[PDB]
Structure formats: C-alpha cells, structure tokens
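What follows is one structure encoded as structure tokens, with my remarks underneath.
Chains as they are written, first to last, in the authors' numbering: chain A, 323 to 785; chain E, 323 to 785.
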C-alpha cells in the first residue's frame, strides 16, 4: 500500500532533509548540508539514497515522476523548523567537524548532528595534528620571535593568544581588536598563518566597514561576512592627518550587535549571522570622530614591538625603542607560510589556546587604557559624578566651592567649572577635548547664562 | 458520493482551517495557528489530520493528487472571513491560552476558540502557579523594597501596579507611561521581571523611537512591534544637555494610534497591529521640543524613591539632587532572575493586579502634574480664557485692564501682556515658555503692532 509513501517515510527516517526557519530545505548529500533557492536537491538525494533502500524500493526511484511524488510526500511530512549552525564550539572542515573542547574529529554520520552549512574548504588530516614535530618547533620559534616571553610582555602575550584563539568560536563577539605596531613587525605573518589555519572562514576587508555607511543601498561588504569567523582589516591610512575619513562610532557599535543589518545583491534576506572576530591592523594611533562611554567598552589593543629587518638597515632599526627586539627576516618564510606548511601545527596551537581559555563562558574584555585618544575621557569619568540623593546637607559647604543651588539641583557655572578643571589637565594639550565636552554636556539655565550638572569628586571627598 | 468531498467536509467540520480577511488561510497544526502566504499548509494539515478520519478515508490521503483535490474542495468551501487575535483578555502561551477574567488555563481544543497567532514562547506550568510558596514571599519582599506601601507612596504604588498589569492586555493603549526613575533605583529589576514573565511578547528598544522619524521608509523598529504587548526603552541619555534631540511630538502622537503605517523590506504590507504598552526609562526629567494640549493628555509618570549604591560611591550617591532615599543592593538577584526563578510568581501577581483593575473597561489614565514642562501650560491653561460675548457688556471695565474691543474680540498689547503676566508667572523662571507662548499664539492688528486673541482668567475673575 503506497510504496512511494513508505519510501518517503524511510527517507525521512534517515534524517537527511530538514526544514529551516527561512522556508528552505537543507539536504545531506556528499557529506555536507547543502541547500539551493533556485533548484531543490531533494530529488538528487532520492536518487543518491536509492542504494540504502530494499530491492523492491530501489527500482521505483529510476523514474522522475515517482521521484517527484516522493518529494511531494517528503515536503508534506516536514512541519517543524530547525536552526542551522547552532554549535559555537565546533569547527567544520570539508570532511568532518572538529570539537574544540574535546579535540576529537568526527566524520560522516558523526558530523551530521551538527548542522554546519559552512566549512574551512579543506580536509582534515590526523597524521599532522600532532605535538612533537619539527614544524611545531619552527612555529614556536616564529611565535616567540613575534611575541617574546619576557615578563614585560606577559599581559600582551596573553591578550594576543586570547584574540587569536577566539577566531575559532562560531559566536558573536563583543569587542574589536587593534593590532598595534609598525611595519615589518609580524602582523602580516600572523595574518597569513591564521588564513592558512582557518581556510575559507577567514575574510579580508579594507576601510569600507570602518569609515563608510553600512546599510545604505546594496552592500556586498557587509553581506559577505555572513557566518565568517574572522575579519582582518589591513592597509589602513593614518587618520591623524587631515584628508582621511574618521572611524565611525555607529559602525563600531553595529559591528558588535548580534544582529547585522544588511542585504546582498538580488536577495530578499536582510538578516545575517555575525560570528566574526574583527581585527584591525594599523601602523598609527586610531582616532574617532565621536567618543562616548559605550564605544570604550568595545575596543581592545594588542601591541607589537619586535621587528625583523635586513642587515643593511640594521643600525637604523636598532636606532629606536618601538622596535624593542631586533631579529633577521627570512626570505623563504613567506613561501613556507603560503605552502600550508604550518597549517595543522597552528591549528593545534589555536586549539590548545582555546582549551586554555575554554572556561564555561568565553568573552572578550575591552582594554581602553591603551588608547591615547581615551586618556582625557577616562580620567574625567573618575572625577565627576551625576545627580544623586540629597546635596541638601552639604549646600552649606558646597556653596563655598562655587556650586550654586537651583530648584534643589546643584549646577556649576562655566567659568567656575573651567577654573576647577584646569587644575587637572593642560589647557593646550586637551583644549579640543575640553571644549567638545563642555559644548556637549552644557545645560542652559536661560538663553544667556549656562551651567553644568556635574560635581567634582575631590570636592565631594573633602569635608 | 464523492469520497474526497466527504473528506473535505469532515476536515471543515473540525474547524481547523479558517480564511482571514486579508485573503490568507490559517491552519491549526502542532497546537498553534500558523500560516504562510507563499505556501499554503492545507496539504500538511490534511496529511496530519488523516488519523482522526475513519479507516476507509485515511488510505486516500497518502497520495499528493488526492490531497490537492481535497485542498481545492476546502478552498471552495471557505467563503466567510474571520478576524485574528481579537481577545484582549487572553494571554497566549506555547501550549495553551490562560484567561485573565477568572484564571483558568486552556489547552488544545479549549484554546482553539481564540485565534491567537502569537505566544509567549514558553510552556505553562500549573505547579509553579501557586499563591503560597517561598518564591512568592521573596518576590513580594522585592516588590515592597522597590515600591514601599507607606502613606507617602499610595498613589505612586497604585499607578506602578496598574502600569505593570496593563502589559498583559492585548489592546491599544492610550498613554505612554514615563518610568521616571534614576540609575540603580530598581527599574532594571522591574524590566527583567517583566521580560521573564511575558516572554516573547516583550521587546526592548532605544533612542531611535523617541527622537527619530518613525514612518520614514522601511523601518524594522516599527514593523517589529506587530502584536507585541510591551515595549521598553532604556539607557536613554539626558535630553537637557545640548546635542541631544528632543522627543518628537509626531512620534508620540503616532505610537498611540491603533494603526501604525510602516512596511518591512521586500514586504507589500504597510499596516500592523499595535498592542504594546510603551514605558520610557530615563534617569533625568524629559525635555520636549514642542509641547501643547495634545501631548499633555498622553503622558503618565511613575516615580522611584528607593535607590541602591556601592559604599565607595554612596557619598557621591548622596551628594546631589536626583534621588530621595537610599537602600541596599543584592548581587545574586540578577542571576536568580535570569534563571527564571520568579517567573510564575510574578505572573500570578500580575494576574492578581489585573483582576484588581478588571473593571469592564480597561483604560490607562494620564497624569500631567509630574512633568515640569507642562507645569507652565497647566498654570497657563487654568489662567486664560479668551474674550466673551458676555465680555461685550463688560468690555468697559475690561478696557481699564489694557484691553481693546475689536469685532467682538478683545486684544492685549505685547508689553502689556508681559507686564500682566509678570503678576502670576515669574519672568525669569518661565521666560522661555512665556516668549514661546507669545510667538506661538499671536495674531496681527496693523503694520507696526501685534494682537492677541487670548485673555487672562485673573483679569475676569476679579470684578
């Protein structure tokens, strides 16, 4: 009774077709979850799977009409929806899924349970995923050359390792990392090593996402980051000199939210998943058009201070302090990195670092103290407070310091505020910052007189 | 007699397919009313319901052609339209609909009567819906700490309870309540309570709603609140300081309307249903760009006077103007609330509050005396009525007050207006409001002078 319905039931029992929330069907052919909007693969799956069925069921799948009927039955049978790429601690390869927490590699039906629709693009070989090897020693030597293990570099080394290891997690990250350092320091070598390690999950982008609008009209720059696990920004022009667009605070805020707004060309989908670890490479200090408290919590800085240079310019390179350690470059090193020589050794190192930081919740912590542009705004935030409970049993003593009373609200005249704030910062050095803060946070008692609703902590602490 | 027509008649007798006024079909599969504009689920429903039918009818539903014939019959049979989500007194869950008038929980066919297309997203447990429990005691203690039941907080507590209970009713609300509460006073705790209690019907927004155009073009922020029952906006910056846009009058007017005009990307729809309660959370008093009688009627204010702070900042948390009382904070409370510990206790409390305010007509009430912006207009509104037909046989004594009759409309000079308004209103305290009134409600008399179609109540109350 209904051979075709029984065939559809068996194919559904094999769990090879799933219905997604967007209305598509994902099929498991050739050991990978595939889908297509313009050409479903359900009949391809039926023809391919005809070999696992009994004899009397296999000869009914050689007709396109019967395969169409089976596909209709399968479409009617699938009611509930599932979500794809819901495991943040799994790295999908071309022939399986690697577990970062456990270190065990799966293949075929074992990798089937993790609905991974993306992959690194290359196979995984266990014979090279080993600890003892000359490749491991060479990689360790290179890594120690780029980042020394001195006691003055411990925190920087830890942050570097954490940032590099977070590129394997398939979840939204809450920070952006700046790779601070001059040219010929090792940042490009790290970029090439990471690209060789993680294959197709790595993408590179210029200045478009930093200094330009994100949504606008069409934007392949923000639509090509869907399900990527790392984004590297390189060749960034100095924003200190006039003529270059500044870093947009709105862009930084949007590149951190779990939902990214943007659509590709000729696509009706506007929502894409953001899994990338954004790293910005710059040879100069970064400056932003706007600075506020929210933008301070989404920036981290990693500093590079060891360079490799030719013997001809060895003295000049040894003639400063930003190149804290001097070494000799290797001409064939670029070819070795390109030839995928250290790919699996770097994969092992990244997995080991991830395990070293595999605490139940993996998060990226901002480091705002390393940005010179944040120096003024960080210090003033520890000097002023907002409105609070009852200044009434201090207005006797707060009045003598220049604070006035207004409808039971303490304000401060601009002249008195300037006089009290000039004792902590140089007028010339922070003039623009002081002016911007004053004109941003000023309150108008009337059209002419103006006041500020801020109280210095030093006055508060002093009885 | 046409077995397939009999099958379609039975499936229609089960009341599982309904035709909506918009032209779509909603089917009852997996205990929920789903629909798909681009792909009807009628054949899925036929295949699923094939089990309830007699034995000789179930075998015919295993063929896609016969299912399509039954679907054609069913489509021809459905003539009348129905309206979806028209019960404001019902809270839909994932596995049933819980009434609020008396308080039973329906399930399956019992909840089938109310066509609710949305749900809180979590299953309902009757075991935890108990009045007597340690969780209820802890929640009551937290609520009492948040809003004390003292003699100075009766009306405030009543309005707070009314606002929290009004987040369950699925109808359009007429007021935009202002949660006038300062930082670390407890508004965050109430927000997490409400979110955990009402699940997916709760959404959170930011500054874009209040201080930006809502219609514009494709606005996901507006299209998101379709059939939502609560909207919470937090982290709102101080609008008193310059550089921050004021609250738009048109936005406030538009949010209250039952029909909100707005479209999503790649969607032909332009109309949605507004059911949400909008609560504004600011640490500072609000500032409106343009105020008048209309906005004064759509604002309610809730005050919080129990603030918590750390000991280091406690002195700084007591040396300004904005709070009234200090208390102590709890650290594990946030983890407890994230663990959905008090979800059902808060649900029971909200149901009890709704019952207390369950008069046959549910309507929110505005309180304009708590906003200093409308204080001047309220005093102005209660101190002015224009000229009178009865003023015609009293304009002789009204002429002594600096008023001149003109086509039965009496006038006041600008300088005389300022002189007479200085009697009741302080010139400096409300100078901006007075001059805005002068330039907003003025008319013209001749080339050089200006005219006013308004007269003070005080000039008429005094004989």
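Positions of the beta carbon are idealized from the N, C-alpha and C atoms, including for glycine.
The closest CA to that of residue 778 of chain E, considering only E:451, E:746, E:355, is found on E:746. In this structure the segment 527 to 543 of chain A does not lie against the segment 479 to 498 of chain A, because fewer than three pairs of beta carbons, one per stretch, are closer than 8 Å.
Taking C-alpha positions only, residue 439 of chain E is separated from residue 589 of chain A by approximately 27 Å. At a beta-carbon threshold of 8 Å, none of the residues of chain E lie near residue 539 of chain A; the nearest stands roughly 12 Å away. CA-CA distance, residue 416 of chain E to residue 687 of chain E, rounds to 32 Å. Taking each of E:621, E:332, E:565 in turn and checking the Cα distance to residue 575 of chain E, the smallest one comes out for E:621.
If you look at residue 482 of chain E, you'll find it in the alpha helix (DSSP H) that goes 476 to 487.
Note that the C-beta distance between residue 610 of chain E and residue 568 of chain E is below 8 Å. Less than 8 Å divides the Cβ of residue 755 of chain E from the Cβ of residue 698 of chain E. Exclusion of the five residues before and after residue 420 of chain A leaves 413, 427 as the residues of its chain whose Cβ lies within less than 6 Å of its Cβ. In the DSSP assignment, residue 782 of chain A falls within the unbroken alpha helix (DSSP H) covering 779 to 783. Residues of the segment 346 to 359 of chain E with a Cβ closer than 8 Å to any Cβ of chain A, in chain order: 351, 352, 358. Under the three-state reduction of DSSP, residue 427 of chain E is assigned to strand. Taking 8 Å as the cut-off, the Cβ atoms of residue 348 of chain A and residue 396 of chain A do not count as close. Not a single C-beta of chain E is nearer than 8 Å to the C-beta of residue 416 of chain A. Using a CB distance below 8 Å, the part of the segment 642 to 670 of chain E facing chain A consists of 642, 643, 644, 645, 646, 647, 648, ordered along the chain. Here residue 541 of chain E is buried: its Cβ has 16 or more other Cβ atoms, across all protein chains shown, within 10 Å. Around the Cβ of residue 739 of chain A, a 10 Å sphere holds 16 or more other Cβ atoms; the residue is buried. For the segment 752 to 779 of chain A, residues whose beta-carbon sits nearer than 8 Å to a beta-carbon of chain E comprise 761, 762, 763, 764, 765, 766, 768, 769, 775, 777, 779. When 8 Å is used as the limit between beta carbons, residue 386 of chain E is near these residues of chain A: 391, 394, 395, 398, in chain order.
If the five residues before and after residue 502 of chain A are omitted, its C-beta is found closer than 6 Å to the C-beta atoms of 623, 625, all from its own chain and listed in chain order.
Looking at the backbone, the Cα of residue 771 of chain A and that of residue 720 of chain A are separated by about 20 Å. Beta-bridge pairing by DSSP links residue 745 of chain E to no other residue.
Only 586, 587, 588 from the segment 583 to 598 of chain E bring a Cβ to less than 9 Å from some Cβ of chain A.
Between the beta-carbon of residue 556 of chain A and that of residue 526 of chain A there is about 7 Å, and that keeps the pair under the 8 Å contact cut. Residue burial is scored here from C-beta neighbours: residue 701 of chain A has fewer than 16 other C-beta atoms within 10 angstroms and is therefore classed as exposed.
Chain order gives the chain E residues near residue 323 of chain A as 381, 384, where near means a beta carbon separation below 9 Å. Fewer than three pairs of CB atoms, one per stretch, sit closer than 8 Å, so the segment 725 to 732 of chain A makes no contact with the segment 658 to 670 of chain E.
Contact note: residue 366 of chain E reaches chain A through 398, 401, using a C-beta cutoff of 7 Å and chain order.
Listed along chain A is no residue with a C-beta nearer than 9 Å to that of residue 691 of chain E; the closest approach is about 16 Å.
Here residue 596 of chain A is buried: its Cβ has 16 or more other Cβ atoms, across all protein chains shown, within 10 Å.
The Cβ of residue 615 of chain A sits no closer than 8 Å to any Cβ of chain E. A direct Cα-to-Cα measurement between residue 594 of chain A and residue 344 of chain A gives close to 11 Å. Counting along the chain, the unbroken alpha helix (DSSP H) around residue 678 of chain E starts and ends at 665 to 678. DSSP places residue 772 of chain A in the strand class (E or B) of the three-state scheme. By the Cβ neighbour-count rule, residue 744 of chain E is exposed, with fewer than 16 other Cβ atoms within 10 Å of its own.
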